[PDB]
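To be precise, the following lines are query.txt, and they hold compact mmCIF, N, CA and C atoms and all ligand atoms.
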# COMPACT_ATOMS: atom_id res chain seq x y z
N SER A 7 203.04 34.16 4.34
CA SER A 7 204.17 33.74 3.46
C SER A 7 204.77 32.42 3.96
N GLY A 8 205.56 31.77 3.11
CA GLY A 8 206.23 30.54 3.48
C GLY A 8 206.44 29.61 2.30
N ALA A 9 207.41 28.74 2.40
CA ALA A 9 207.72 27.82 1.32
C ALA A 9 208.18 26.48 1.86
N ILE A 10 208.17 25.45 0.98
CA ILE A 10 208.76 24.15 1.31
C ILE A 10 210.08 24.11 0.55
N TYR A 11 211.18 23.71 1.22
CA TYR A 11 212.47 23.61 0.54
C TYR A 11 212.90 22.14 0.57
N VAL A 12 212.73 21.42 -0.55
CA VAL A 12 213.05 20.00 -0.67
C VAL A 12 213.99 19.80 -1.85
N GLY A 13 215.15 19.16 -1.62
CA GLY A 13 216.14 19.00 -2.69
C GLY A 13 216.56 20.34 -3.26
N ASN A 14 216.53 20.48 -4.59
CA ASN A 14 216.80 21.77 -5.23
C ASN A 14 215.51 22.43 -5.71
N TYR A 15 214.44 22.26 -4.92
CA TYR A 15 213.16 22.88 -5.26
C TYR A 15 212.66 23.77 -4.12
N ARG A 16 211.92 24.81 -4.50
CA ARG A 16 211.23 25.72 -3.58
C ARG A 16 209.74 25.66 -3.98
N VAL A 17 208.86 25.22 -3.07
CA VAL A 17 207.41 25.10 -3.34
C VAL A 17 206.71 26.25 -2.64
N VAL A 18 205.99 27.10 -3.41
CA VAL A 18 205.32 28.27 -2.85
C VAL A 18 203.90 28.33 -3.35
N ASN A 19 203.07 29.18 -2.73
CA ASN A 19 201.73 29.42 -3.27
C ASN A 19 201.95 30.18 -4.60
N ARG A 20 201.23 29.77 -5.63
CA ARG A 20 201.42 30.42 -6.95
C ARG A 20 201.15 31.91 -6.86
N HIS A 21 200.16 32.29 -6.04
CA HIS A 21 199.81 33.71 -5.95
C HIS A 21 200.83 34.58 -5.22
N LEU A 22 201.78 33.95 -4.49
CA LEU A 22 202.84 34.65 -3.79
C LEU A 22 204.21 34.49 -4.47
N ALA A 23 204.27 33.81 -5.66
CA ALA A 23 205.54 33.60 -6.33
C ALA A 23 206.18 34.93 -6.73
N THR A 24 207.53 35.02 -6.59
CA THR A 24 208.26 36.26 -6.93
C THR A 24 208.71 36.23 -8.40
N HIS A 25 209.30 37.33 -8.91
CA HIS A 25 209.86 37.32 -10.25
C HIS A 25 210.97 36.26 -10.34
N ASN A 26 211.82 36.12 -9.28
CA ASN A 26 212.88 35.12 -9.35
C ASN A 26 212.28 33.72 -9.46
N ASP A 27 211.14 33.44 -8.74
CA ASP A 27 210.49 32.15 -8.91
C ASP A 27 210.07 31.90 -10.38
N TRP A 28 209.40 32.88 -10.99
CA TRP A 28 208.94 32.72 -12.37
C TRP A 28 210.12 32.61 -13.35
N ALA A 29 211.26 33.27 -13.05
CA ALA A 29 212.44 33.22 -13.92
C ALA A 29 213.24 31.90 -13.77
N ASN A 30 212.92 31.11 -12.73
CA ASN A 30 213.57 29.81 -12.47
C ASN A 30 212.47 28.74 -12.28
N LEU A 31 211.45 28.80 -13.12
CA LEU A 31 210.27 27.95 -12.97
C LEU A 31 210.52 26.51 -13.31
N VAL A 32 209.97 25.60 -12.48
CA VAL A 32 210.01 24.16 -12.76
C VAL A 32 208.58 23.71 -13.16
N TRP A 33 207.55 24.15 -12.41
CA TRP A 33 206.18 23.70 -12.64
C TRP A 33 205.21 24.63 -11.95
N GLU A 34 204.03 24.87 -12.53
CA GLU A 34 203.02 25.69 -11.85
C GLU A 34 201.63 25.18 -12.25
N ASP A 35 200.68 25.30 -11.34
CA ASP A 35 199.31 24.89 -11.59
C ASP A 35 198.36 25.85 -10.87
N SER A 36 197.65 26.71 -11.62
CA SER A 36 196.76 27.69 -11.03
C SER A 36 195.58 27.04 -10.31
N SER A 37 195.07 25.90 -10.84
CA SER A 37 193.94 25.24 -10.16
C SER A 37 194.31 24.72 -8.77
N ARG A 38 195.60 24.50 -8.51
CA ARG A 38 196.08 24.01 -7.20
C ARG A 38 196.70 25.12 -6.33
N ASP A 39 196.90 26.33 -6.88
CA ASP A 39 197.61 27.42 -6.22
C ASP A 39 199.04 27.02 -5.86
N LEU A 40 199.71 26.24 -6.76
CA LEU A 40 201.09 25.85 -6.47
C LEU A 40 202.06 26.31 -7.57
N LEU A 41 203.28 26.63 -7.16
CA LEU A 41 204.38 26.92 -8.10
C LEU A 41 205.66 26.39 -7.47
N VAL A 42 206.49 25.76 -8.30
CA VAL A 42 207.78 25.22 -7.87
C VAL A 42 208.88 25.87 -8.68
N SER A 43 209.91 26.36 -8.02
CA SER A 43 211.06 26.97 -8.70
C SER A 43 212.35 26.21 -8.27
N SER A 44 213.44 26.42 -9.03
CA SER A 44 214.69 25.73 -8.72
C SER A 44 215.56 26.57 -7.78
N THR A 45 216.36 25.89 -6.92
CA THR A 45 217.22 26.61 -5.98
C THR A 45 218.68 26.22 -6.18
N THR A 46 219.61 27.08 -5.76
CA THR A 46 221.02 26.75 -5.84
C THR A 46 221.40 25.87 -4.64
N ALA A 47 220.89 26.19 -3.43
CA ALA A 47 221.19 25.38 -2.24
C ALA A 47 220.17 24.25 -2.03
N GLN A 48 220.59 23.14 -1.40
CA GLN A 48 219.69 22.03 -1.13
C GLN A 48 218.90 22.31 0.14
N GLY A 49 217.63 21.93 0.15
CA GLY A 49 216.75 22.13 1.29
C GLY A 49 216.67 20.97 2.26
N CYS A 50 216.06 21.22 3.42
CA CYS A 50 215.97 20.23 4.50
C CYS A 50 214.62 19.58 4.71
N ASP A 51 213.58 20.10 4.07
CA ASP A 51 212.28 19.50 4.27
C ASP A 51 212.20 18.14 3.55
N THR A 52 211.43 17.23 4.10
CA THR A 52 211.14 15.90 3.54
C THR A 52 209.63 15.85 3.24
N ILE A 53 209.22 15.31 2.08
CA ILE A 53 207.80 15.23 1.76
C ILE A 53 207.19 13.93 2.28
N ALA A 54 206.02 14.02 2.90
CA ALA A 54 205.26 12.86 3.35
C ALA A 54 204.68 12.09 2.14
N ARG A 55 204.71 10.73 2.21
CA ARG A 55 204.14 9.90 1.15
C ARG A 55 203.20 8.97 1.91
N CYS A 56 201.91 9.36 1.99
CA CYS A 56 200.94 8.71 2.90
C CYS A 56 199.50 9.21 2.68
N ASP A 57 198.50 8.66 3.47
CA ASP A 57 197.13 9.16 3.41
C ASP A 57 196.72 9.64 4.81
N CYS A 58 197.66 10.18 5.62
CA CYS A 58 197.29 10.77 6.93
C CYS A 58 196.19 11.83 6.76
N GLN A 59 195.32 11.88 7.76
CA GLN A 59 194.31 12.93 7.89
C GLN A 59 194.46 13.63 9.21
N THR A 60 195.61 13.47 9.93
CA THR A 60 195.87 14.23 11.15
C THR A 60 197.30 14.76 11.07
N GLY A 61 197.50 15.98 11.54
CA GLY A 61 198.83 16.58 11.47
C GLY A 61 198.84 17.89 12.21
N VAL A 62 199.86 18.72 11.93
CA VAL A 62 200.02 20.01 12.63
C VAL A 62 200.37 21.06 11.60
N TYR A 63 199.74 22.25 11.70
CA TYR A 63 200.11 23.32 10.76
C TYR A 63 200.57 24.58 11.47
N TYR A 64 201.37 25.39 10.76
CA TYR A 64 201.81 26.67 11.30
C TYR A 64 200.90 27.82 10.88
N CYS A 65 200.44 28.58 11.87
CA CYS A 65 199.57 29.76 11.69
C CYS A 65 200.35 31.04 12.05
N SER A 66 200.81 31.77 11.04
CA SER A 66 201.64 32.96 11.32
C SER A 66 200.87 34.06 12.04
N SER A 67 199.51 34.15 11.81
CA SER A 67 198.68 35.15 12.49
C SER A 67 198.41 34.85 13.95
N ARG A 68 198.95 33.73 14.47
CA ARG A 68 198.91 33.39 15.89
C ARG A 68 200.30 33.01 16.43
N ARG A 69 201.35 33.01 15.58
CA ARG A 69 202.69 32.49 15.94
C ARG A 69 202.58 31.11 16.65
N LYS A 70 201.73 30.22 16.12
CA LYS A 70 201.50 28.95 16.81
C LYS A 70 201.32 27.85 15.81
N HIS A 71 201.70 26.64 16.23
CA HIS A 71 201.43 25.42 15.48
C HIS A 71 200.23 24.72 16.12
N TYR A 72 199.25 24.33 15.30
CA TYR A 72 198.02 23.73 15.80
C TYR A 72 197.86 22.34 15.27
N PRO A 73 197.45 21.39 16.13
CA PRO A 73 197.11 20.04 15.63
C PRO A 73 195.71 20.06 15.00
N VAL A 74 195.61 19.41 13.84
CA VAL A 74 194.32 19.39 13.11
C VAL A 74 194.01 18.06 12.50
N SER A 75 192.70 17.79 12.29
CA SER A 75 192.22 16.72 11.44
C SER A 75 191.83 17.39 10.11
N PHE A 76 192.18 16.80 8.97
CA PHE A 76 191.92 17.43 7.68
C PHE A 76 191.34 16.44 6.70
N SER A 77 190.61 16.97 5.72
CA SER A 77 189.97 16.10 4.72
C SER A 77 190.96 15.56 3.67
N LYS A 78 190.55 14.58 2.89
CA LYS A 78 191.41 14.07 1.81
C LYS A 78 191.43 15.09 0.67
N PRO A 79 192.51 15.15 -0.11
CA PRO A 79 192.59 16.14 -1.20
C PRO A 79 191.41 16.01 -2.17
N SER A 80 190.74 17.13 -2.43
CA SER A 80 189.52 17.11 -3.23
C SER A 80 189.37 18.40 -4.04
N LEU A 81 188.31 18.42 -4.89
CA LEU A 81 187.97 19.57 -5.71
C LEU A 81 186.89 20.32 -4.91
N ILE A 82 187.02 21.61 -4.45
CA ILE A 82 186.10 22.31 -3.55
C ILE A 82 185.95 23.72 -4.10
N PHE A 83 184.72 24.11 -4.08
CA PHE A 83 184.44 25.48 -4.49
C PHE A 83 184.91 26.48 -3.43
N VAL A 84 185.90 27.34 -3.81
CA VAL A 84 186.44 28.47 -2.99
C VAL A 84 186.01 29.83 -3.57
N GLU A 85 185.68 30.78 -2.71
CA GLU A 85 185.14 32.14 -3.06
C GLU A 85 186.27 33.00 -3.56
N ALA A 86 186.00 34.28 -3.89
CA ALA A 86 186.90 35.28 -4.53
C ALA A 86 187.79 35.97 -3.51
N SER A 87 188.95 36.40 -3.97
CA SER A 87 189.75 37.30 -3.21
C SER A 87 190.41 38.31 -4.24
N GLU A 88 191.48 38.83 -3.71
CA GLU A 88 192.08 39.96 -4.38
C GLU A 88 192.98 39.27 -5.32
N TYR A 89 193.37 38.01 -4.90
CA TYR A 89 194.14 37.31 -5.90
C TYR A 89 193.35 36.36 -6.73
N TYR A 90 192.28 35.82 -6.17
CA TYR A 90 191.47 35.04 -7.06
C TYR A 90 189.98 35.40 -6.97
N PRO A 91 189.30 35.23 -8.09
CA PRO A 91 187.86 35.23 -8.10
C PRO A 91 187.40 33.84 -7.60
N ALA A 92 186.10 33.58 -7.64
CA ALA A 92 185.56 32.31 -7.01
C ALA A 92 185.59 31.13 -8.00
N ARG A 93 186.08 29.96 -7.59
CA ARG A 93 186.41 28.87 -8.50
C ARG A 93 186.65 27.50 -7.79
N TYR A 94 186.73 26.44 -8.58
CA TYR A 94 187.13 25.10 -8.06
C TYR A 94 188.70 25.09 -7.88
N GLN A 95 189.04 24.99 -6.63
CA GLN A 95 190.50 24.78 -6.26
C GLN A 95 190.73 23.19 -6.17
N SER A 96 191.63 22.50 -6.96
CA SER A 96 191.84 21.08 -6.87
C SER A 96 192.96 20.73 -5.86
N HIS A 97 192.94 19.45 -5.43
CA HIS A 97 193.93 18.87 -4.52
C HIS A 97 193.97 19.69 -3.19
N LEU A 98 192.82 20.12 -2.72
CA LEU A 98 192.71 20.97 -1.53
C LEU A 98 192.14 20.16 -0.36
N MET A 99 192.70 20.38 0.86
CA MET A 99 192.23 19.67 2.04
C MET A 99 191.74 20.71 3.04
N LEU A 100 190.64 20.46 3.74
CA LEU A 100 190.12 21.46 4.69
C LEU A 100 190.21 20.98 6.13
N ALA A 101 190.40 21.92 7.04
CA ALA A 101 190.42 21.62 8.49
C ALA A 101 189.77 22.81 9.20
N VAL A 102 189.38 22.60 10.45
CA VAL A 102 188.89 23.66 11.30
C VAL A 102 190.10 24.30 12.00
N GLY A 103 190.28 25.58 11.71
CA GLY A 103 191.39 26.31 12.28
C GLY A 103 191.42 27.73 11.80
N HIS A 104 191.97 28.31 12.91
CA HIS A 104 192.10 29.69 12.58
C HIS A 104 193.07 30.01 11.40
N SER A 105 192.66 30.98 10.59
CA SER A 105 193.33 31.55 9.38
C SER A 105 192.63 32.86 8.98
N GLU A 106 193.61 33.57 8.60
CA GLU A 106 193.31 34.90 8.09
C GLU A 106 194.31 35.35 7.04
N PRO A 107 193.94 36.37 6.33
CA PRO A 107 194.78 36.88 5.18
C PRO A 107 196.19 37.13 5.67
N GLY A 108 197.17 36.47 4.92
CA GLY A 108 198.60 36.55 5.29
C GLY A 108 199.22 35.19 5.61
N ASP A 109 198.37 34.24 6.06
CA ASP A 109 198.89 32.91 6.52
C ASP A 109 199.26 31.92 5.38
N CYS A 110 199.11 32.37 4.11
CA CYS A 110 199.34 31.42 2.96
C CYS A 110 200.81 31.01 3.04
N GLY A 111 201.15 29.72 2.94
CA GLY A 111 202.57 29.25 3.02
C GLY A 111 202.91 28.34 4.16
N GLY A 112 202.23 28.60 5.24
CA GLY A 112 202.55 27.84 6.44
C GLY A 112 202.49 26.34 6.16
N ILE A 113 203.42 25.57 6.75
CA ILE A 113 203.43 24.13 6.45
C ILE A 113 202.45 23.32 7.29
N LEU A 114 201.82 22.34 6.67
CA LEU A 114 201.07 21.28 7.35
C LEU A 114 201.98 20.03 7.28
N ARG A 115 202.21 19.38 8.43
CA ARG A 115 203.07 18.17 8.47
C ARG A 115 202.41 17.10 9.28
N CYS A 116 202.78 15.86 8.95
CA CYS A 116 202.32 14.69 9.69
C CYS A 116 203.56 13.92 10.18
N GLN A 117 203.33 12.69 10.74
CA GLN A 117 204.45 11.87 11.19
C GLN A 117 205.44 11.52 10.06
N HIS A 118 205.01 11.56 8.80
CA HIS A 118 205.87 11.19 7.65
C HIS A 118 206.65 12.34 7.02
N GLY A 119 206.25 13.59 7.33
CA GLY A 119 206.96 14.74 6.76
C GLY A 119 205.97 15.82 6.35
N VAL A 120 206.37 16.67 5.34
CA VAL A 120 205.47 17.76 4.88
C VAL A 120 204.33 17.27 4.03
N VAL A 121 203.12 17.70 4.32
CA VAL A 121 201.93 17.27 3.62
C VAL A 121 201.50 18.32 2.60
N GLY A 122 201.60 19.62 2.98
CA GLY A 122 201.17 20.68 2.06
C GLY A 122 201.34 22.04 2.68
N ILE A 123 200.75 23.08 2.07
CA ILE A 123 200.91 24.43 2.62
C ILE A 123 199.56 25.11 2.68
N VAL A 124 199.62 26.19 3.48
CA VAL A 124 198.33 26.96 3.64
C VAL A 124 197.94 27.69 2.32
N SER A 125 196.66 27.58 1.90
CA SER A 125 196.23 28.20 0.58
C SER A 125 194.95 29.05 0.77
N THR A 126 193.94 28.45 1.49
CA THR A 126 192.63 29.18 1.65
C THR A 126 191.99 28.95 3.05
N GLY A 127 190.94 29.72 3.31
CA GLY A 127 190.33 29.58 4.64
C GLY A 127 189.20 30.58 4.93
N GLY A 128 188.88 30.63 6.28
CA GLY A 128 187.98 31.72 6.65
C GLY A 128 186.97 31.13 7.56
N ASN A 129 186.38 32.00 8.30
CA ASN A 129 185.21 31.45 9.02
C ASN A 129 185.63 30.27 9.94
N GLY A 130 186.91 30.27 10.31
CA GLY A 130 187.49 29.25 11.21
C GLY A 130 187.90 28.05 10.42
N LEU A 131 187.92 28.25 9.09
CA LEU A 131 188.52 27.23 8.25
C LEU A 131 189.96 27.66 7.81
N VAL A 132 190.61 26.57 7.35
CA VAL A 132 191.98 26.84 6.74
C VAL A 132 192.17 25.68 5.72
N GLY A 133 192.49 26.11 4.57
CA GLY A 133 192.77 25.09 3.55
C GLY A 133 194.24 24.98 3.25
N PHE A 134 194.49 23.76 2.82
CA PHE A 134 195.86 23.49 2.45
C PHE A 134 196.01 22.76 1.07
N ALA A 135 196.97 23.24 0.30
CA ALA A 135 197.28 22.64 -1.00
C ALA A 135 198.16 21.40 -0.75
N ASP A 136 197.71 20.20 -1.16
CA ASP A 136 198.48 18.98 -0.94
C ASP A 136 199.66 18.92 -1.91
N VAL A 137 200.77 18.35 -1.44
CA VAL A 137 201.94 18.08 -2.31
C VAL A 137 202.38 16.61 -2.27
N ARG A 138 201.63 15.73 -1.56
CA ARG A 138 202.06 14.33 -1.39
C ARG A 138 202.06 13.53 -2.69
N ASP A 139 201.26 13.95 -3.70
CA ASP A 139 201.23 13.24 -4.98
C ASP A 139 202.35 13.67 -5.93
N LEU A 140 203.13 14.70 -5.58
CA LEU A 140 204.19 15.24 -6.47
C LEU A 140 205.47 14.46 -6.22
N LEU A 141 205.50 13.22 -6.73
CA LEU A 141 206.61 12.33 -6.40
C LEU A 141 207.95 12.83 -6.90
N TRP A 142 207.94 13.57 -8.01
CA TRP A 142 209.16 14.11 -8.59
C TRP A 142 209.90 15.09 -7.69
N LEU A 143 209.23 15.64 -6.63
CA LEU A 143 209.95 16.53 -5.72
C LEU A 143 211.12 15.80 -5.03
N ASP A 144 211.05 14.42 -4.94
CA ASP A 144 212.06 13.60 -4.27
C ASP A 144 213.28 13.26 -5.12
N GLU A 145 213.35 13.74 -6.38
CA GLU A 145 214.48 13.38 -7.26
C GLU A 145 214.88 14.51 -8.23
N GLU A 146 215.88 14.28 -9.12
CA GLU A 146 216.34 15.17 -10.21
C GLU A 146 216.22 16.67 -9.87
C1 LIG A 201 194.34 31.18 4.46
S1 LIG A 201 193.82 32.40 3.16
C2 LIG A 201 192.40 33.19 3.84
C3 LIG A 201 191.97 32.88 5.14
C4 LIG A 201 190.80 33.44 5.62
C5 LIG A 201 190.04 34.26 4.82
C6 LIG A 201 190.47 34.58 3.55
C7 LIG A 201 191.67 34.09 3.05
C8 LIG A 201 192.23 34.65 1.74
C9 LIG A 201 192.36 33.57 0.69
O1 LIG A 201 191.71 32.58 0.85
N1 LIG A 201 193.19 33.61 -0.39
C10 LIG A 201 194.09 34.62 -0.98
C11 LIG A 201 194.86 33.87 -2.05
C12 LIG A 201 194.47 32.39 -1.95
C13 LIG A 201 193.12 32.40 -1.20
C14 LIG A 201 192.01 32.32 -2.21
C15 LIG A 201 191.52 31.23 -2.87
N2 LIG A 201 190.57 31.61 -3.78
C16 LIG A 201 190.50 32.93 -3.68
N3 LIG A 201 191.33 33.39 -2.74
ZN ZN A 202 201.52 10.90 7.03

So, in terms of structure tokens, how does the structure I just supplied come out?
Amino acid sequence: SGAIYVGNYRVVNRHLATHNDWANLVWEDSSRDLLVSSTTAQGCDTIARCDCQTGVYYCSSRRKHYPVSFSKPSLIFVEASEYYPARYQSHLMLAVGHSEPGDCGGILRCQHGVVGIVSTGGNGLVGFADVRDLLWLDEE
């Protein structure tokens, strides 16, 4: 579990969104596994606006933050789960790192701020849904 709190927005994995998220929806995209809802309080996270390929992510199944090198956001074939069958996930970046079921949400950050959140993985991989192209998170 986990979310990004920027301005009056809450960014979560679409598959973990609650009823309150759907009842206060701003934007959602199933191909990216992202959903954004509105919040009453202002958040403290800052979004990175950059093309970094090195950063640090939080792994809840190890209670640890790990430094990683990650790929540029791309369209990659991901296999099935209980929440999704097998499909092209867009705007996804991959790194070598431990992940297991439950870690979806954890933040990936670079020197500029938040880059994205944990979405997929396995086999010593961990994927992350990028949010650096969502410029509107910085305003209104
Ligand atoms: C870090 S998640 C993970 C890590 C190691 C192994 C398996 C997972 C589960 C997983 O990938 N899930 C469950 C919802 C999203 C994603 C998914 C993508 N497309 C279908 N399933
Ligand atoms: Zn950066």

Within 12 Å of ligand ZN 202 (chain A), which residues of chain A show up? Give each one with its shortest atom-to-atom distance in Å (one decimal) and the two atoms involved, counting only C-alpha atoms and all ligand atoms, rows by chain then rising residue number, as a tab-separated table.
residue	atom	partner	partner_atom	distance
A:52	CA	A:ZN202	ZN	11.4
A:53	CA	A:ZN202	ZN	9.3
A:54	CA	A:ZN202	ZN	5.6
A:55	CA	A:ZN202	ZN	6.5
A:56	CA	A:ZN202	ZN	4.7
A:57	CA	A:ZN202	ZN	6.0
A:58	CA	A:ZN202	ZN	4.2
A:59	CA	A:ZN202	ZN	7.5
A:60	CA	A:ZN202	ZN	7.7
A:61	CA	A:ZN202	ZN	7.7
A:62	CA	A:ZN202	ZN	10.8
A:75	CA	A:ZN202	ZN	11.8
A:76	CA	A:ZN202	ZN	11.6
A:78	CA	A:ZN202	ZN	11.8
A:114	CA	A:ZN202	ZN	10.4
A:115	CA	A:ZN202	ZN	7.6
A:116	CA	A:ZN202	ZN	4.7
A:117	CA	A:ZN202	ZN	5.2
A:118	CA	A:ZN202	ZN	4.4
A:119	CA	A:ZN202	ZN	6.7
A:120	CA	A:ZN202	ZN	8.2
A:121	CA	A:ZN202	ZN	7.2
A:122	CA	A:ZN202	ZN	11.0
A:136	CA	A:ZN202	ZN	11.7
A:137	CA	A:ZN202	ZN	11.8
A:138	CA	A:ZN202	ZN	9.1

Enumerate the residues of region 7-145 of chain A with a DSSP assignment of alpha helix (DSSP H), computed from the backbone, and present them as an NGL selection string.
:A and (25-29)

Given 5 Å and all atoms listed in the file, residues near ligand LIG 201 (chain A) as number ranges by chain:
A: 84-87, 90, 105-107, 110, 125-128

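Taking CA of residue 42 (chain A) and CA of residue 140 (chain A) as endpoints, the distance between them is 10.7 Å.
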
Suppose you want the space between CA of residue 88 (chain A) and CA of residue 68 (chain A); what is it in Å?
22.4 Å

Find the residues around region 130-135 of chain A up to 7 Å (only C-alpha atoms counted), leave out those fewer than 4 positions away in its own chain, and share them as an NGL selection string.
:A and (38 or 97-105 or 122-126)

Please compute the CA of residue 41 (chain A)-CA of residue 22 (chain A) distance, one decimal, in Å.
9.0 Å

Using all atoms listed in the file, the best pick from A:112, A:64, A:24, A:143 as closest to residue 9 (chain A) would be A:112

Looking only at strand (DSSP E) from DSSP on the backbone, list the matching residues of region 19-117 of chain A as a VMD selection string.
chain A and resid 19 31 to 35 40 to 50 60 to 65 70 to 75 80 to 84 93 to 102 113 to 116

Which residue of A:77, A:44, A:14, A:37 approaches residue 95 (chain A) most closely, using only N, CA and C atoms
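Of A:77, A:44, A:14, A:37, the one nearest residue 95 (chain A) is A:37, counting only N, CA and C atoms.
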
Every residue with an atom at most 5 Å from (209.9, 22.7, -9.3) (file coordinates; only N, CA and C atoms) is what I'm after, so could you write them as a PyMOL selection string?
chain A and resi 32-33+42-43

Please determine, counting all atoms listed in the file, which residue among A:96, A:69, A:40, A:50 has the shortest atom-to-atom distance to residue 82 (chain A).
A:96

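Of the residues under consideration (A:13, A:91, A:79, A:8), A:13 shows the shortest atom-to-atom contact distance to residue 45 (chain A) when counting all atoms listed in the file.
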
Around (213.1, 22.4, -1.2) in the file's frame, which residues reach within 6 Å when counting all atoms listed in the file? Return as a PyMOL selection string?
chain A and resi 10-17+48-51

Restricting the calculation to all atoms listed in the file, which member of A:141, A:21, A:65, A:109 is positioned closest to residue 89 (chain A)?
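Selected residue with least distance to residue 89 (chain A): A:21.
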